[PDB]
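Asks: Just final.pdb, nothing more (PDB, C-alpha atoms):
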```
ATOM      1  CA  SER A   1     -18.357  53.784  72.519
ATOM      2  CA  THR A   2     -14.805  52.891  73.463
ATOM      3  CA  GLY A   3     -12.256  50.200  72.724
ATOM      4  CA  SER A   4      -9.156  48.969  74.527
ATOM      5  CA  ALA A   5      -6.612  46.464  73.218
ATOM      6  CA  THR A   6      -3.268  45.240  74.463
ATOM      7  CA  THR A   7      -0.298  45.741  72.160
ATOM      8  CA  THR A   8       2.641  43.342  72.445
ATOM      9  CA  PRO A   9       6.280  43.648  71.281
ATOM     10  CA  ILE A  10       7.063  41.271  68.432
ATOM     11  CA  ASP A  11      10.529  40.437  69.794
ATOM     12  CA  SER A  12      12.924  41.072  72.669
ATOM     13  CA  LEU A  13      14.044  44.424  71.197
ATOM     14  CA  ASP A  14      10.599  46.017  70.796
ATOM     15  CA  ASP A  15      11.187  46.234  67.043
ATOM     16  CA  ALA A  16       7.437  46.652  66.574
ATOM     17  CA  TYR A  17       4.194  46.038  68.434
ATOM     18  CA  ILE A  18       1.240  43.896  67.371
ATOM     19  CA  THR A  19      -2.385  44.340  68.394
ATOM     20  CA  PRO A  20      -5.114  41.750  67.728
ATOM     21  CA  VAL A  21      -7.846  42.905  65.336
ATOM     22  CA  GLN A  22     -11.079  41.058  64.535
ATOM     23  CA  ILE A  23     -12.021  41.152  60.835
ATOM     24  CA  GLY A  24     -15.147  39.703  59.282
ATOM     25  CA  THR A  25     -17.950  37.393  60.325
ATOM     26  CA  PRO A  26     -17.204  35.036  61.961
ATOM     27  CA  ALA A  27     -14.231  36.983  63.242
ATOM     28  CA  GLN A  28     -10.792  36.325  61.802
ATOM     29  CA  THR A  29      -8.233  37.644  64.273
ATOM     30  CA  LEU A  30      -5.057  39.091  62.761
ATOM     31  CA  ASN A  31      -2.190  40.729  64.636
ATOM     32  CA  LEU A  32      -1.663  44.144  63.076
ATOM     33  CA  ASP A  33       1.006  46.810  63.479
ATOM     34  CA  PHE A  34      -0.826  49.998  64.499
ATOM     35  CA  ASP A  35       0.943  52.763  62.600
ATOM     36  CA  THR A  36       0.288  56.439  63.317
ATOM     37  CA  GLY A  37       2.573  57.227  60.358
ATOM     38  CA  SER A  38       0.353  55.720  57.648
ATOM     39  CA  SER A  39      -3.306  55.483  56.724
ATOM     40  CA  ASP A  40      -3.999  52.070  55.161
ATOM     41  CA  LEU A  41      -5.433  49.026  56.930
ATOM     42  CA  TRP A  42      -3.906  46.197  54.919
ATOM     43  CA  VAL A  43      -3.615  42.495  55.610
ATOM     44  CA  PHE A  44      -2.004  39.317  54.443
ATOM     45  CA  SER A  45      -4.788  37.392  52.760
ATOM     46  CA  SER A  46      -5.864  34.344  50.812
ATOM     47  CA  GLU A  47      -5.013  36.513  47.771
ATOM     48  CA  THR A  48      -1.385  37.085  48.745
ATOM     49  CA  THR A  49       1.127  35.435  46.413
ATOM     50  CA  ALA A  50       1.769  32.120  48.130
ATOM     51  CA  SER A  51       5.571  32.376  48.077
ATOM     52  CA  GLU A  52       5.298  35.747  49.863
ATOM     53  CA  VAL A  53       3.449  34.264  52.866
ATOM     54  CA  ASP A  54       5.699  32.687  55.494
ATOM     55  CA  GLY A  55       3.864  32.083  58.768
ATOM     56  CA  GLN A  56       1.485  35.058  58.839
ATOM     57  CA  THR A  57      -2.179  34.637  59.628
ATOM     58  CA  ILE A  58      -4.270  35.509  56.581
ATOM     59  CA  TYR A  59      -7.648  37.124  56.052
ATOM     60  CA  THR A  60      -9.888  35.041  53.772
ATOM     61  CA  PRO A  61     -12.717  37.313  52.598
ATOM     62  CA  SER A  62     -14.652  34.449  51.019
ATOM     63  CA  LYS A  63     -15.179  33.026  54.527
ATOM     64  CA  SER A  64     -16.599  36.299  55.869
ATOM     65  CA  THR A  65     -20.325  36.738  55.352
ATOM     66  CA  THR A  66     -19.958  40.513  55.778
ATOM     67  CA  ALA A  67     -17.100  40.986  53.298
ATOM     68  CA  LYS A  68     -17.859  42.832  50.073
ATOM     69  CA  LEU A  69     -15.375  43.442  47.282
ATOM     70  CA  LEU A  70     -14.965  47.189  46.727
ATOM     71  CA  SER A  71     -15.344  47.124  42.966
ATOM     72  CA  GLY A  72     -12.431  48.553  41.009
ATOM     73  CA  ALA A  73     -10.472  49.596  44.085
ATOM     74  CA  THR A  74      -6.758  48.932  44.376
ATOM     75  CA  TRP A  75      -4.029  50.070  46.727
ATOM     76  CA  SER A  76      -0.246  50.296  46.684
ATOM     77  CA  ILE A  77       2.022  51.652  49.393
ATOM     78  CA  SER A  78       5.717  52.240  49.977
ATOM     79  CA  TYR A  79       7.016  52.941  53.469
ATOM     80  CA  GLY A  80       9.966  55.011  54.640
ATOM     81  CA  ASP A  81      12.045  51.877  55.271
ATOM     82  CA  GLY A  82      11.859  50.755  51.626
ATOM     83  CA  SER A  83       9.123  48.150  52.100
ATOM     84  CA  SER A  84       5.933  48.004  50.036
ATOM     85  CA  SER A  85       2.709  46.103  49.397
ATOM     86  CA  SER A  86      -0.326  46.259  47.083
ATOM     87  CA  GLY A  87      -3.624  44.581  46.255
ATOM     88  CA  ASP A  88      -7.408  44.915  46.147
ATOM     89  CA  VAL A  89      -9.970  46.103  48.684
ATOM     90  CA  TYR A  90     -12.914  44.702  50.617
ATOM     91  CA  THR A  91     -15.237  46.337  53.062
ATOM     92  CA  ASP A  92     -15.896  44.328  56.203
ATOM     93  CA  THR A  93     -16.580  44.607  59.904
ATOM     94  CA  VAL A  94     -13.469  45.391  61.929
ATOM     95  CA  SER A  95     -13.261  45.420  65.719
ATOM     96  CA  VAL A  96     -10.418  46.521  67.986
ATOM     97  CA  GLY A  97     -10.644  45.902  71.690
ATOM     98  CA  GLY A  98     -14.445  45.839  71.615
ATOM     99  CA  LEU A  99     -14.903  48.862  69.305
ATOM    100  CA  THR A 100     -16.600  47.876  66.034
ATOM    101  CA  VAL A 101     -16.626  49.637  62.663
ATOM    102  CA  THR A 102     -18.852  48.313  59.914
ATOM    103  CA  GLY A 103     -17.904  48.926  56.311
ATOM    104  CA  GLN A 104     -14.203  49.425  57.043
ATOM    105  CA  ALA A 105     -11.917  49.249  54.017
ATOM    106  CA  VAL A 106      -9.717  46.180  54.465
ATOM    107  CA  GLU A 107      -6.927  46.259  51.904
ATOM    108  CA  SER A 108      -6.084  42.690  50.914
ATOM    109  CA  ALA A 109      -2.496  42.182  49.809
ATOM    110  CA  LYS A 110      -1.802  40.466  46.527
ATOM    111  CA  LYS A 111       1.915  41.329  46.811
ATOM    112  CA  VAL A 112       4.126  42.243  49.766
ATOM    113  CA  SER A 113       7.798  43.122  49.839
ATOM    114  CA  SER A 114      10.375  40.773  51.289
ATOM    115  CA  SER A 115      10.632  42.491  54.673
ATOM    116  CA  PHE A 116       6.963  41.724  55.333
ATOM    117  CA  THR A 117       7.265  38.099  54.205
ATOM    118  CA  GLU A 118      10.306  37.673  56.441
ATOM    119  CA  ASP A 119       8.446  38.879  59.547
ATOM    120  CA  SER A 120       6.025  36.125  60.482
ATOM    121  CA  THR A 121       4.695  38.053  63.499
ATOM    122  CA  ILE A 122       3.015  40.937  61.629
ATOM    123  CA  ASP A 123      -0.165  40.086  59.699
ATOM    124  CA  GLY A 124      -0.648  43.604  58.315
ATOM    125  CA  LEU A 125      -0.856  47.254  59.292
ATOM    126  CA  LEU A 126      -3.611  49.406  60.757
ATOM    127  CA  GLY A 127      -2.946  53.010  59.792
ATOM    128  CA  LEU A 128      -3.779  55.786  62.237
ATOM    129  CA  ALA A 129      -2.437  58.839  60.393
ATOM    130  CA  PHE A 130      -4.833  61.143  58.556
ATOM    131  CA  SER A 131      -7.056  59.672  55.863
ATOM    132  CA  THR A 132      -5.588  62.067  53.275
ATOM    133  CA  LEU A 133      -2.640  59.617  53.060
ATOM    134  CA  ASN A 134      -4.787  56.560  52.296
ATOM    135  CA  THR A 135      -3.619  54.971  49.037
ATOM    136  CA  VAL A 136      -6.847  53.360  47.786
ATOM    137  CA  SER A 137      -7.644  54.328  44.201
ATOM    138  CA  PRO A 138      -9.790  55.587  42.577
ATOM    139  CA  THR A 139     -11.780  56.336  45.767
ATOM    140  CA  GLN A 140      -9.687  57.094  48.843
ATOM    141  CA  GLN A 141     -10.843  55.293  51.989
ATOM    142  CA  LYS A 142     -11.031  56.286  55.653
ATOM    143  CA  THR A 143      -8.937  54.937  58.492
ATOM    144  CA  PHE A 144     -10.420  52.844  61.269
ATOM    145  CA  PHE A 145     -10.183  55.828  63.623
ATOM    146  CA  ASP A 146     -11.804  58.183  61.123
ATOM    147  CA  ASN A 147     -14.703  55.742  60.720
ATOM    148  CA  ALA A 148     -15.083  55.206  64.471
ATOM    149  CA  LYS A 149     -14.549  58.791  65.599
ATOM    150  CA  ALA A 150     -18.131  60.055  65.590
ATOM    151  CA  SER A 151     -19.274  57.076  67.691
ATOM    152  CA  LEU A 152     -16.530  57.380  70.300
ATOM    153  CA  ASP A 153     -17.179  58.935  73.696
ATOM    154  CA  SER A 154     -14.345  61.374  72.880
ATOM    155  CA  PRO A 155     -12.639  61.648  69.446
ATOM    156  CA  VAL A 156      -9.266  60.409  70.669
ATOM    157  CA  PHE A 157      -7.030  57.388  70.823
ATOM    158  CA  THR A 158      -4.056  56.816  73.102
ATOM    159  CA  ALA A 159      -0.815  54.898  72.713
ATOM    160  CA  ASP A 160       0.812  53.463  75.846
ATOM    161  CA  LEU A 161       3.660  51.348  74.510
ATOM    162  CA  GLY A 162       5.679  49.221  76.903
ATOM    163  CA  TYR A 163       9.434  48.865  77.236
ATOM    164  CA  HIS A 164      10.133  45.162  76.797
ATOM    165  CA  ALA A 165       6.526  44.573  77.864
ATOM    166  CA  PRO A 166       2.963  44.814  76.557
ATOM    167  CA  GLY A 167       1.099  48.101  76.486
ATOM    168  CA  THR A 168      -2.288  49.435  75.447
ATOM    169  CA  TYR A 169      -4.113  51.243  72.656
ATOM    170  CA  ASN A 170      -7.339  52.865  73.847
ATOM    171  CA  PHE A 171     -10.021  54.425  71.658
ATOM    172  CA  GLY A 172     -12.521  57.009  72.843
ATOM    173  CA  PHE A 173     -11.274  57.698  76.367
ATOM    174  CA  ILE A 174      -8.312  58.785  78.464
ATOM    175  CA  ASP A 175      -7.283  56.326  81.169
ATOM    176  CA  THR A 176      -6.273  58.758  83.896
ATOM    177  CA  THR A 177      -4.631  55.926  85.862
ATOM    178  CA  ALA A 178      -2.172  55.200  83.034
ATOM    179  CA  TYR A 179       0.150  58.191  83.481
ATOM    180  CA  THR A 180       1.718  60.401  86.128
ATOM    181  CA  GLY A 181       1.434  64.159  86.389
ATOM    182  CA  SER A 182      -0.497  65.950  83.670
ATOM    183  CA  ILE A 183      -0.866  65.552  79.933
ATOM    184  CA  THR A 184       0.777  68.423  78.058
ATOM    185  CA  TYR A 185      -0.956  69.109  74.761
ATOM    186  CA  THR A 186       0.841  70.554  71.759
ATOM    187  CA  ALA A 187      -0.214  71.767  68.323
ATOM    188  CA  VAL A 188      -0.387  69.478  65.297
ATOM    189  CA  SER A 189      -0.008  70.234  61.611
ATOM    190  CA  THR A 190      -1.919  67.838  59.358
ATOM    191  CA  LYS A 191      -0.551  69.376  56.148
ATOM    192  CA  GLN A 192       1.584  66.308  55.358
ATOM    193  CA  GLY A 193      -1.041  63.855  56.644
ATOM    194  CA  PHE A 194       0.940  63.027  59.798
ATOM    195  CA  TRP A 195       0.660  63.741  63.505
ATOM    196  CA  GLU A 196       3.308  66.416  63.031
ATOM    197  CA  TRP A 197       4.323  68.562  65.996
ATOM    198  CA  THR A 198       7.237  70.641  67.302
ATOM    199  CA  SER A 199       9.297  69.543  70.273
ATOM    200  CA  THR A 200      10.744  72.377  72.337
ATOM    201  CA  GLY A 201      14.223  70.880  72.766
ATOM    202  CA  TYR A 202      16.309  68.149  74.306
ATOM    203  CA  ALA A 203      18.826  67.136  76.936
ATOM    204  CA  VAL A 204      21.406  64.351  77.015
ATOM    205  CA  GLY A 205      21.680  62.513  80.323
ATOM    206  CA  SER A 206      21.942  64.943  83.213
ATOM    207  CA  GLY A 207      23.048  67.731  80.879
ATOM    208  CA  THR A 208      21.407  71.090  80.465
ATOM    209  CA  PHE A 209      18.260  71.357  78.391
ATOM    210  CA  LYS A 210      18.769  72.881  74.935
ATOM    211  CA  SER A 211      15.761  74.942  73.886
ATOM    212  CA  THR A 212      15.325  74.456  70.146
ATOM    213  CA  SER A 213      12.354  73.709  67.908
ATOM    214  CA  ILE A 214      12.376  70.193  66.455
ATOM    215  CA  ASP A 215       9.536  69.506  64.010
ATOM    216  CA  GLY A 216       8.722  65.829  63.682
ATOM    217  CA  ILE A 217       6.022  63.179  63.553
ATOM    218  CA  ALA A 218       4.636  60.903  66.260
ATOM    219  CA  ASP A 219       4.973  57.525  64.498
ATOM    220  CA  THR A 220       4.135  54.288  66.299
ATOM    221  CA  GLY A 221       5.100  52.331  63.166
ATOM    222  CA  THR A 222       8.747  53.449  63.291
ATOM    223  CA  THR A 223      10.994  51.647  65.785
ATOM    224  CA  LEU A 224      13.644  54.293  66.448
ATOM    225  CA  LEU A 225      13.982  57.997  67.219
ATOM    226  CA  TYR A 226      15.267  59.941  64.180
ATOM    227  CA  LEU A 227      16.485  63.467  64.930
ATOM    228  CA  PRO A 228      18.744  66.105  63.367
ATOM    229  CA  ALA A 229      22.385  65.139  63.018
ATOM    230  CA  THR A 230      23.501  67.814  65.498
ATOM    231  CA  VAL A 231      21.248  66.395  68.233
ATOM    232  CA  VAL A 232      22.214  62.803  67.512
ATOM    233  CA  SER A 233      25.936  63.631  67.547
ATOM    234  CA  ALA A 234      25.530  65.364  70.905
ATOM    235  CA  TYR A 235      23.878  62.231  72.313
ATOM    236  CA  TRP A 236      26.406  59.678  71.065
ATOM    237  CA  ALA A 237      29.354  61.860  72.052
ATOM    238  CA  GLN A 238      28.443  60.921  75.640
ATOM    239  CA  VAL A 239      28.962  57.195  74.929
ATOM    240  CA  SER A 240      32.616  56.168  74.864
ATOM    241  CA  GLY A 241      33.430  54.367  71.652
ATOM    242  CA  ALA A 242      30.161  55.201  69.872
ATOM    243  CA  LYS A 243      30.488  56.162  66.223
ATOM    244  CA  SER A 244      28.477  56.471  63.053
ATOM    245  CA  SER A 245      29.122  53.476  60.808
ATOM    246  CA  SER A 246      28.346  53.940  57.119
ATOM    247  CA  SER A 247      28.583  50.174  56.559
ATOM    248  CA  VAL A 248      26.137  49.311  59.343
ATOM    249  CA  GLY A 249      23.853  52.248  58.544
ATOM    250  CA  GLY A 250      23.937  54.398  61.660
ATOM    251  CA  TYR A 251      25.381  54.951  65.083
ATOM    252  CA  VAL A 252      26.758  51.895  66.842
ATOM    253  CA  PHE A 253      28.205  51.643  70.318
ATOM    254  CA  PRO A 254      30.044  49.108  72.473
ATOM    255  CA  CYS A 255      27.631  46.635  73.971
ATOM    256  CA  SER A 256      29.468  47.094  77.305
ATOM    257  CA  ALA A 257      28.357  50.739  77.503
ATOM    258  CA  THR A 258      25.811  52.157  79.914
ATOM    259  CA  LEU A 259      23.732  54.559  77.828
ATOM    260  CA  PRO A 260      22.626  57.982  79.082
ATOM    261  CA  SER A 261      19.003  59.019  79.027
ATOM    262  CA  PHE A 262      17.608  61.384  76.414
ATOM    263  CA  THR A 263      15.003  64.019  77.267
ATOM    264  CA  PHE A 264      12.705  65.727  74.783
ATOM    265  CA  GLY A 265      10.512  68.753  75.380
ATOM    266  CA  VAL A 266       6.752  68.970  74.943
ATOM    267  CA  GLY A 267       5.958  72.600  75.637
ATOM    268  CA  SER A 268       7.362  73.244  79.097
ATOM    269  CA  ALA A 269       7.127  69.536  79.967
ATOM    270  CA  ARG A 270       9.889  66.973  79.614
ATOM    271  CA  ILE A 271       9.751  63.305  78.610
ATOM    272  CA  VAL A 272      12.753  61.253  79.723
ATOM    273  CA  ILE A 273      13.783  58.250  77.626
ATOM    274  CA  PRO A 274      15.892  55.968  79.867
ATOM    275  CA  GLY A 275      19.227  54.924  78.411
ATOM    276  CA  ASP A 276      18.206  51.267  78.261
ATOM    277  CA  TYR A 277      15.432  52.156  75.786
ATOM    278  CA  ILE A 278      18.137  53.282  73.324
ATOM    279  CA  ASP A 279      19.901  49.886  73.168
ATOM    280  CA  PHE A 280      18.914  47.817  70.103
ATOM    281  CA  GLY A 281      21.413  45.062  70.716
ATOM    282  CA  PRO A 282      24.163  43.473  68.653
ATOM    283  CA  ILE A 283      24.390  44.541  65.023
ATOM    284  CA  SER A 284      24.661  40.849  64.116
ATOM    285  CA  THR A 285      24.396  37.791  66.301
ATOM    286  CA  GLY A 286      27.307  37.538  68.709
ATOM    287  CA  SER A 287      28.764  40.962  67.893
ATOM    288  CA  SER A 288      29.956  43.271  70.671
ATOM    289  CA  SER A 289      28.898  46.280  68.576
ATOM    290  CA  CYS A 290      25.341  47.350  69.361
ATOM    291  CA  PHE A 291      22.904  49.396  67.289
ATOM    292  CA  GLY A 292      21.721  52.714  68.665
ATOM    293  CA  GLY A 293      18.090  53.684  69.128
ATOM    294  CA  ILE A 294      18.659  57.373  68.321
ATOM    295  CA  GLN A 295      19.703  57.918  64.716
ATOM    296  CA  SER A 296      20.052  60.811  62.305
ATOM    297  CA  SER A 297      17.078  61.897  60.230
ATOM    298  CA  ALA A 298      19.351  63.700  57.763
ATOM    299  CA  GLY A 299      18.597  61.214  54.967
ATOM    300  CA  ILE A 300      14.845  61.019  55.681
ATOM    301  CA  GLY A 301      13.546  64.556  55.194
ATOM    302  CA  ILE A 302      11.586  64.569  58.466
ATOM    303  CA  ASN A 303      12.280  63.910  62.126
ATOM    304  CA  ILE A 304      10.487  60.871  63.528
ATOM    305  CA  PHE A 305       9.444  60.347  67.145
ATOM    306  CA  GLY A 306       9.182  56.582  66.808
ATOM    307  CA  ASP A 307       8.669  53.898  69.423
ATOM    308  CA  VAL A 308      11.898  54.709  71.321
ATOM    309  CA  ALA A 309      10.423  58.108  72.187
ATOM    310  CA  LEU A 310       6.731  57.230  72.366
ATOM    311  CA  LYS A 311       7.182  54.261  74.727
ATOM    312  CA  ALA A 312       8.566  56.669  77.350
ATOM    313  CA  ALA A 313       5.202  58.481  77.383
ATOM    314  CA  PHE A 314       1.460  58.139  77.495
ATOM    315  CA  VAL A 315       0.487  59.704  74.166
ATOM    316  CA  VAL A 316      -2.909  61.179  73.268
ATOM    317  CA  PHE A 317      -3.834  61.450  69.592
ATOM    318  CA  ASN A 318      -6.646  64.003  69.818
ATOM    319  CA  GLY A 319      -8.732  63.875  66.643
ATOM    320  CA  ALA A 320     -10.963  66.826  67.447
ATOM    321  CA  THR A 321     -11.777  69.255  64.636
ATOM    322  CA  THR A 322      -8.377  70.835  65.274
ATOM    323  CA  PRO A 323      -6.178  67.843  66.161
ATOM    324  CA  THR A 324      -3.590  68.039  68.933
ATOM    325  CA  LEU A 325      -1.129  65.655  70.586
ATOM    326  CA  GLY A 326      -0.758  65.099  74.303
ATOM    327  CA  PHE A 327       2.217  63.643  76.179
ATOM    328  CA  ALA A 328       2.463  62.556  79.802
ATOM    329  CA  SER A 329       5.159  60.800  81.755
ATOM    330  CA  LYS A 330       4.230  57.398  83.148
TER
END
```
Go through the file and emit its structure as structure tokens.

Replies:
Amino acid sequence: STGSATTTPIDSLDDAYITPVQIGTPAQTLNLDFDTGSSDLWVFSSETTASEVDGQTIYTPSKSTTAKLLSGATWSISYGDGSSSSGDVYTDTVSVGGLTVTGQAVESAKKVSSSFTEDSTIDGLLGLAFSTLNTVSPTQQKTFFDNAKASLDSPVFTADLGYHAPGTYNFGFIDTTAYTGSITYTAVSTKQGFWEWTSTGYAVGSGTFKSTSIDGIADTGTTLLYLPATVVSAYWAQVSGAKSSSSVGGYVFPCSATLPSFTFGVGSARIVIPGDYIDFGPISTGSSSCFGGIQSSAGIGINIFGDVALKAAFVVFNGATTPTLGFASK
């Protein structure tokens, strides 16, 4: 089997991408944030505290003839940005782009943190990291991909995120028309539960490539590119007037600037992030100070190849017995 679904930016900045997901019978379609940095499929629901729902579409398990409460199961998650959610668990039929999993754990939120409530465009998350990170207790549950894998034509999914435009998540096949050149594959460590890999270096604009190992995670659920402070300083030094602002929370730059590209290495291959992809717009409405799309990871503990990086590539998440990642230009 295969599946293919379009993923759409939630706003004009590509702050996140939403993909429609069919849950239950008859189908209830929710727009979920596919997140290769986490491993829970959780949704706003008829069980979510009413004051914490503000425009999201909800899953109502009592209206699904295939929903079954997973007795005694609860979940609770906290993300790297400070947000969190928790609740109970159903199993139900879940389909993405024509690919159907029966008995998928659907984690129904009873509580969500304010950042979720405040974003009416995201109805929940669909985790695509390794199932070892799934938070369901006392019996950990499998991700959608883990459940589908054995049925897929090939045990892979691909992320093809658009810049200021829709893109595609495919399951079970490589669309060889979706990229240019070849796909360069690189080793993955699953020891932390992430799609963790090592970039071979970087360049700023037309500058020389710096060969240096940068361990990080391929994370579709993170907006920005978080890299070591040395790398980030070298980038923003090429933007007149750019500076790190403690009060804003990162590097800012004059909105009048033209940003240089940023290149990262995948083996001997190179992925070029155009400068425009690094512009996240005014820090507050009407400001002439703009927020940068490359930020320091120094306070995180891990480097994160988020959407800023991934949207410049066609990315293969190869879930073979020994997982690997592939990157192609497009």

Asks: Which residues fall under the PyMOL selection byres ((chain A and resi 106) around 6) in this file, as a list in words?

Replies: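 That expression, the PyMOL selection byres ((chain A and resi 106) around 6), corresponds here to residues 41, 42, 89, 90, 91, 105 and 107 of chain A.
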
Asks: Could you check the closest approach to residue A:233 for each of A:53, A:58, A:128, A:250 and tell me which residue wins, using all atoms listed in the file?

Replies: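 Among the listed residues, A:250 lies closest to residue A:233.
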
Asks: Find the residues near residue A:267: any atom within 9 Å, counting all atoms listed in the file, skip ones fewer than 2 places away on the same chain, and give them as a ChimeraX atom specification.

Replies: /A:184-186,198-201,265,269-270

Asks: To box stretch 114-129 of chain A, take all atoms listed in the file, fit an axis-aligned box, add 5 Å on each side, and give centre and edge lengths in Å to one decimal, as AutoDock Vina command-line options.

Replies:
```
--center_x 3.4 --center_y 47.5 --center_z 57.4 --size_x 24.4 --size_y 32.7 --size_z 22.2
```

Asks: Write out as a list in words the residues lying within 7 Å of residue A:169, counting only C-alpha atoms and excluding same-chain residues fewer than 3 positions away.

Replies: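 Final neighbour list, sorted by chain and number: residues 4, 5, 6, 7, 158, 159 and 160 of chain A.
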
Asks: Kindly resolve the PyMOL selection byres ((chain A and resi 151) around 12) on the present coordinates and return the residues as JSON, numbers by chain.

Replies: {"A": [1, 2, 3, 99, 100, 101, 102, 144, 145, 146, 147, 148, 149, 150, 152, 153, 154, 155, 156, 171, 172, 173]}

Asks: I need the residue nearest residue A:262 from this list: A:114, A:206, A:131, A:84. Use all atoms listed in the file for the distance.

Replies: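 Of all the options, A:206 lies closest to residue A:262.
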
Asks: Between A:227, A:259, A:109, A:77, which is the closest to residue A:239 once you count all atoms listed in the file?

Replies: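 Checking each candidate against residue A:239, we get A:259 as the closest.
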
Asks: Given all atoms listed in the file as the basis, pick out the residue of A:296, A:284, A:182, A:134 nearest to residue A:268.

Replies: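 Among A:296, A:284, A:182, A:134, it is A:182 that comes nearest to residue A:268.
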
Asks: List, as a PyMOL selection string, every residue that the PyMOL selection byres ((chain A and resi 311-321) around 8) selects in the file provided.

Replies: chain A and resi 149+155-163+174+178-179+195+271-274+307-310+322-330
